[PDB]
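Given as structure tokens, the chain that follows is alone and in the form deposited in one PDB entry.
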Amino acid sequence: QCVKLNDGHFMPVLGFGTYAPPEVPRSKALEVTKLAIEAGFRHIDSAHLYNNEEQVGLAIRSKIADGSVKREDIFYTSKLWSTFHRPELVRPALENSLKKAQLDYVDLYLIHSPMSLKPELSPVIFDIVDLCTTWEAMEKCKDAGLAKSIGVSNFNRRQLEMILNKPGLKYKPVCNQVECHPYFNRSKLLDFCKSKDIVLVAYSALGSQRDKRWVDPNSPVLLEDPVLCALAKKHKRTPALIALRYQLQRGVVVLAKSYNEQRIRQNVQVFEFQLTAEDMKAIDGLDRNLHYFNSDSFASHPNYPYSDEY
């Protein structure tokens, strides 16, 4: 089950999220990425930021070498971190991710965030960079064959239009990877992306990992929502599967992180059932503009995506 991107390539609609906090041994990323592939995951989402591209690439390479899959079956994503937005730093950063993962190309390279940072990953000191020049450098990475497709992450409508209306544009972003779940369903952004043939990719679709460093512990726990729990009972599934199936039926490609073997195998059950129209309407009604990731300290950045929240 894949969706056709605006550049002709195909993206599996269910992806495996590989981020785990530093307290989790790096060995786990190798272990679970293999478990994900064995369970049926073909879309693997990583990033320079996650400090796991070595282990994630090892897992993909091992499952190719053991005959389980071919490289063409795997959709691997990495992301350009914000300290490498200056156009001369874009390609070296991609080559470095390819070297670490021992891959010849990524299937998808994304701008991780529009909020450019001073050329340490977290120096916070900002950098003024016209993202159109960053995008031009990304386009050259696709022309060189290092990235099959290119896209963006954490862009708002205004920032997408800055790219879509760039003079001399060669490649539209194939996708915009943003926070998306029933408490923050991005309906307006989703309609906009659909109208421009851009795929919205959902992260934190299961409510986020609720890390005390980024997430307010008092924020509501998505997977304990009464509506998702009732719907989980009706369909004999789980709240997680309801939240994942919700995204698929509204045209969103959805990521799901799990470092637990049983839940990794569970999340591929999203293709085994359907939600009713009334089920989807009830989930729609949970929307409350709730971002689990508190970026309020970065609200001063000229490219802060959540501007005009009030």
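Superpose the two forms; the largest set of C-alphas matching within 1.5 Å is the rigid core. Residues that one form lacks are left out of the comparison. In this text, residue numbers run from 1 along the sequence as written.
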Query raised in the report: Deposited residues absent from the coordinates between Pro123 and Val124, none, 1 to 3, 4 to 9, or 10 or more?
Result: 4 to 9
Query - Missing residues, deposited sequence, between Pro119 and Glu120 (class: none, 1 to 3, 4 to 9, 10 or more) - result: 1 to 3
Report summary line: Entry B factor averaged over C-alpha atoms, 179 to 187 against 219 to 227: higher for 219 to 227
Report summary line: When mean C-alpha B-factors in the record are compared for 158 to 166 and 109 to 117, the larger belongs to 158 to 166
Query raised in the report: Checking the entry, which one of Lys172, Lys79, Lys236, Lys194 has the top C-alpha B factor?
Result: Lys236
Query raised in the report: Lowest, middle or highest third: where is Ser149 by C-alpha B factor in its chain?
Result: lowest
**Report entry** Ranked against its chain, the third holding the CA B-factor of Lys281
**Finding:** highest
Report task. Report the third (lowest, middle or highest) to which the CA temperature factor of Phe10 belongs, ranking only the modelled residues of the same chain. Result -> middle
Query raised in the report: Thinking about Cα B factors across the chain, which third does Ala243 belong to?
Result: lowest
Query raised in the report: Which third, lowest, middle or highest, does the CA B-factor of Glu54 fall in along this chain?
Result: middle
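The form deposited in another entry exists for this protein as well; it is not shown, and the discussion that follows is about that form.
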Requested in this report: Could you tell me whether the Cα atom of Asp296 shifts by at least 2 Å between this form and the one not shown after core superposition?
Outcome: yes
**Report entry** After core alignment, residue runs (3 or more) whose Cα moves 2 Å or more between this form and the one not shown
**Finding:** 295 to 302
